[PDB]
Amino acid sequence: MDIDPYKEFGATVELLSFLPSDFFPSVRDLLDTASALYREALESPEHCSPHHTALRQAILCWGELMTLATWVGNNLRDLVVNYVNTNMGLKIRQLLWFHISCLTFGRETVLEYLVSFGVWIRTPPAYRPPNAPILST
Amino acid sequence: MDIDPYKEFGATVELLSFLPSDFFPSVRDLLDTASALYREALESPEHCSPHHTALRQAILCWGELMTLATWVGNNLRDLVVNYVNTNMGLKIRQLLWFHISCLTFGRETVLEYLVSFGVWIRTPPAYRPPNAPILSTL
Amino acid sequence: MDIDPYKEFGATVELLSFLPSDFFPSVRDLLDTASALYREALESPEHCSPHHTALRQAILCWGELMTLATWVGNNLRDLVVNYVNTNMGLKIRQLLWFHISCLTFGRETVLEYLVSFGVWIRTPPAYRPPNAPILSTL
Amino acid sequence: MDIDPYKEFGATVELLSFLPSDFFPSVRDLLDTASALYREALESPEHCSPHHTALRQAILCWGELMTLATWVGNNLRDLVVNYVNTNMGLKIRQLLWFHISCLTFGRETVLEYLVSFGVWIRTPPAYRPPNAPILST
Amino acid sequence: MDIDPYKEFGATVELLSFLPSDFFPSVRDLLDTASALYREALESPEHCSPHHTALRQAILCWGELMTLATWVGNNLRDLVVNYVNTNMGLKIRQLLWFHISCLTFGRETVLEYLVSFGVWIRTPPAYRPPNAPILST
Amino acid sequence: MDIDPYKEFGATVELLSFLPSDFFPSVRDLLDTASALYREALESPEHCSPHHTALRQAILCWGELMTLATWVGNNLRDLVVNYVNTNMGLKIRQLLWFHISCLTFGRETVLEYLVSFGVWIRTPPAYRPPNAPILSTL
């Protein structure tokens with residue numbers, strides 16, 4: 001079956017395909033952003049939103065992938081570090097970026113950001129404004 | 001930080017720890033159970049439960065884990081598959097079994113069951129009833 | 001003076017002497033069980049029960065012995081640990097079995113269980129029914 | 001699992017470390033004091049307080065600590081006797097002093113005294129009441 | 001004990017860890033900004049906000065640190081000037097920047113600025129807009 | 001500019017000047033007094049007083065000052081410690097004592113006390129009562 005990670009949140013994997021690969025900050029930057037803002041909330045047992053629930057799972061799913069990559073790098077191997085942190089870690093960098101942005105800025109603002117980034121990224125460089133659109137408030 | 005994936009649901013990882021390894025069916029058998037009788041719920045964009053939101057992530061995580069075992073397979077190598085499906089896949093099977101059971105039976109059926117299994121399995125086998133507590137709809 | 005710790009709970013150490021000594025599961029199995037579903041209430045300052053109040057003191061007493069048991073194994077040696085975790089810890093496992101089950105299953109039900117299990121033990125084994133009485137929530 | 005045994009009684013382990021350590025009368029004196037005038041209440045099958053329940057564990061814990069320290073002194077062996085009266089003794093000696101005082105004077109009288117006494121010894125002697133405060137009924 | 005300087009003001013030391021070290025203007029720039037805007041208010045004995053109270057203390061705490069660094073540089077030593085004005089003075093540059101910003105722009109705007117800066121600072125440089133977000137009104 | 005840290009509180013630095021050096025306990029003894037019986041207030045994010053806001057800054061300032069004395073210690077050197085804890089630490093001890101006293105006793109108890117100590121200590125010892133005015137709850 002084809003479980004769309006985003007479809008319940010009003011987005012889709014085609015919609016985050018507007019964002020480039022090297023747009024997402026690294027996993028360490030996301031987790032610090034999650035820890036500085038929602039450390040009491042993610043470890044809270046209260047349901048405030050399903051954004052928290054998809055964030056708790058994705059943090060632990062990254063905790064598995066570093067553990068397996070540690071297991072490979074100690075038993076089998078430097079290419080594996082290059083593979084996981086780039087080609088597999090991008091999908092974690094999508095899910096971490098999405099729910100941290102939705103909890104901070106609202107679901108509605110994020111979905112309008114993906115369209116507004118889409119205009120920017122489709123625009124030819126000669127007519128593209130110099131700064132990328134960035135989320136705030 | 002330390003995040004308990006069950007703490008939302010009135011359960012803890014210690015409560016799920018008393019279940020043995022073989023209590024869980026194989027990882028394919030959970031996903032087939034998910035895909036057969038919750039597929040119209042999972043692929044729907046409706047938040048029908050916090051379980052459904054939580055459950056979708058587990059498929060996507062396991063499909064991510066099997067991507068690497070496939071990758072390490074034809075790049076380097078089969079001992080890795082013995083490590084994932086056995087040692088690390090149990091955490092997926094805990095995760096998959098728990099939501100599917102809470103979706104099929106309710107939380108209250110499962111959360112009473114994990115206690116009643118806990119008092120069962122902690123008892124030594126000389127004093128233990130020979131039949132394990134099964135999970136029923138009551 | 002000799003204080004019976006179970007006396008104020010409708011029990012006595014006679015009634016817990018019905019149980020065989022190996023029936024009580026290991027200390028880690030009890031401590032994880034109180035950490036499973038009572039970790040909130042134990043660290044809570046709310047007087048919820050005397051069973052809480054007793055159980056807080058029993059954990060801290062248990063952690064105090066292991067602090068001294070590792071001290072002798074650091075400064076004098078594991079026969080000491082073999083002495084504690086068999087003989088003095090057996091009295092500790094009696095409390096941790098007691099108050100956990102009285103909170104989880106009701107104090108009245110536990111007191112009936114001690115009587116009902118004693119019937120099962122004092123029955124000669126050839127006429128003993130194969131299932132043991134065990135606590136659950138049916 | 002971090003349990004502060006005084007937290008339900010409106011104190012902390014820190015607030016009882018706030019007193020000087022030699023302030024606390026000896027463990028033998030505390031065991032005789034509860035046996036003097038609470039012995040019928042401790043042997044009673046009816047708690048009149050959670051203090052009674054908490055205090056009954058404290059003898060039975062200290063029965064275990066003296067048993068083990070005896071057992072080491074039977075077969076090995078006197079470092080342990082001084083050690084258990086250095087760290088393990090003081091924890092019980094705070095604990096036995098607290099509930100015996102709470103059953104005698106009430107909680108609020110004790111808890112105000114703990115604040116009052118530790119300020120008194122942490123006051124320079126020329127600018128304080130001359131004699132130490134002591135508990136009043 | 002771990003006294004968080006910011007926790008009562010809705011922020012935390014993890015939240016100002018989003019801001020870089022060389023983002024904060026020097027102590028002389030903050031004190032002139034405090035003197036040009038709040039000289040009558042800081043020396044006023046009226047409580048308008050606890051932001052004033054934490055600002056009066058932090059100004060005097062900097063007045064101590066320059067006095068001690070003057071004392072070292074005249075009695076013991078050029079490395080000390082490099083140490084205090086960088087590694088110790090940063091924490092004063094945090095507290096001075098925070099309360100001057102909160103008194104001028106509102107507490108709510110400052111806390112939304114730290115999140116909005118966090119997006120900017122986590123963003124990869126190729127997709128980062130050229131100007132940093134800056135407070136106004 | 002010149003900022004009086006006490007002017008908010010109905011006191012001045014001149015009013016706190018009449019207190020001698022030895023009237024204040026040692027700096028550890030103030031912080032231990034703060035940490036023992038106001039720790040749940042200070043570490044809470046609630047503005048319960050302007051004193052609590054003011055008091056938190058003093059710990060953080062003293063921890064900043066002791067960072068340097070530790071730094072000058074293992075870099076260069078012990079005469080500096082004699083300068084901080086004695087000459088400059090008194091300004092911390094004035095600051096720490098004042099809020100802790102105003103929290104424990106009220107402002108009005110302290111502000112009457114600093115006057116009654118002022119008329120006491122300004123009087124020469126031949127005419128002075130031999131007992132210092134102590135600070136009491138009245």
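Numbers below:
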{"quantity": "Residue pairs meeting the criteria (Cβ under 7 Å; at least 6 apart or on separate chains; first over 23 Å from residue A:13 (Cβ atoms), in the stretch A:111-137; second surrounded by 12 or more Cβ atoms within 10 Å (Cβ to Cβ) and of a type in the set (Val, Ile, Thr))", "calculated": "A:136/E:119"}
{"quantity": "Pair list, Cβ < 7 Å and 6+ apart or interchain, from the stretch F:42-61 residues that are closer than 13 Å to residue E:6 by Cα to residues that are of a type in the set (S, T, N, Q)", "calculated": "F:47/F:53; F:53/E:53; F:54/E:53; F:54/E:57; F:57/E:57"}
{"quantity": "Enumeration of residues in the stretch D:19-37 that are closer than 20 Å to residue D:106 by Cα and in a loop (DSSP other than H, G, I, E, B)", "calculated": "D:19, D:23, D:24, D:25"}
{"quantity": "Residue, surrounded by the most Cβ atoms within 10 Å (Cβ to Cβ), within the stretch F:20-38, restricted to residues that are in a helix (DSSP H, G or I) and among the polar types (S, T, N, Q)", "calculated": "F:33"}
{"quantity": "Residue in the stretch E:21-37 that is among the hydrophobic types (A, V, I, L, M, F, W, C) and within 27 Å of residue E:123 (Cα to Cα) present", "calculated": "yes"}
{"quantity": "Complete set of residues in the stretch D:1-18 that are assigned to a loop (DSSP other than H, G, I, E, B) and away from chain F (no Cβ under 14 Å)", "calculated": "D:1, D:2, D:3, D:5"}
{"quantity": "Check on residue B:133, closer than 23 Å to residue C:29 by Cα and either in contact with a helix residue (DSSP H, G or I) (Cβ under 6 Å, 6 or more places away or on another chain) or acidic (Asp, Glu) (or both)", "calculated": "yes"}
{"quantity": "Test: residue in the stretch D:54-77 that is within 8 Å of another protein chain (Cβ to nearest Cβ), on the phi < 0 side of the Ramachandran plot, in a helix (DSSP H, G or I) and touching a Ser or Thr at 6+ places or on another chain (Cβ under 7 Å)", "calculated": "yes"}
{"quantity": "Those residues of the stretch A:78-96 which are within 9 Å of another protein chain (Cβ to nearest Cβ) and in contact with a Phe, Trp or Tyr (Cβ under 6 Å, 6 or more places away or on another chain), in sequence order", "calculated": "A:92"}
{"quantity": "Residues satisfying the stated conditions in the stretch D:100-125, i.e. buried (at least 17 other Cβ atoms within 10 Å of the Cβ), charged (D, E, K, R) and more than 11 Å from chain F (Cβ to nearest Cβ)", "calculated": "D:107"}
{"quantity": "Of residues in the stretch C:45-76 being hydroxyl-bearing (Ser, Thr, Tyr) and at the interface with chain D (Cβ under 8 Å from one of its Cβ atoms), the one farthest from residue B:111 (Cα to Cα)", "calculated": "C:67"}
{"quantity": "Filtered residue count, the stretch C:1-15, keeping only those that are surrounded by fewer than 18 Cβ atoms within 10 Å (Cβ to Cβ) and part of a helix (DSSP H, G or I)", "calculated": "2"}
{"quantity": "Condition met for residue C:41 (closer than 16 Å to residue C:30 by Cα, of a type in the set (A, V, I, L, M) and surrounded by 15 or more Cβ atoms within 10 Å (Cβ to Cβ))", "calculated": "yes"}
{"quantity": "The stretch B:18-39: number of residues that are within 14 Å of chain C (Cβ to nearest Cβ) and under 12 Å from residue B:98 (Cβ atoms)", "calculated": "1"}
{"quantity": "Residues satisfying the stated conditions in the stretch C:83-138, i.e. within 12 Å of another protein chain (Cβ to nearest Cβ) and in a loop (DSSP other than H, G, I, E, B)", "calculated": "C:128, C:129, C:130, C:131, C:132, C:133, C:134, C:135, C:136, C:137, C:138"}
{"quantity": "Filter result for residue D:42 (crowded, with 17+ Cβ neighbours inside 10 Å and under 12 Å from the mean Cα position of the chain (by Cα))", "calculated": "no"}
{"quantity": "Search result, residues across the stretch C:105-138 that are closer than 20 Å to residue C:13 by Cα and hydroxyl-bearing (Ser, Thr, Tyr)", "calculated": "C:109, C:113, C:116"}
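Note that each Cβ is placed from the backbone with ideal geometry, even for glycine, and that neighbours are counted across all protein chains shown. Read-outs: derived from the displayed coordinates by stated rules, not from any lab.
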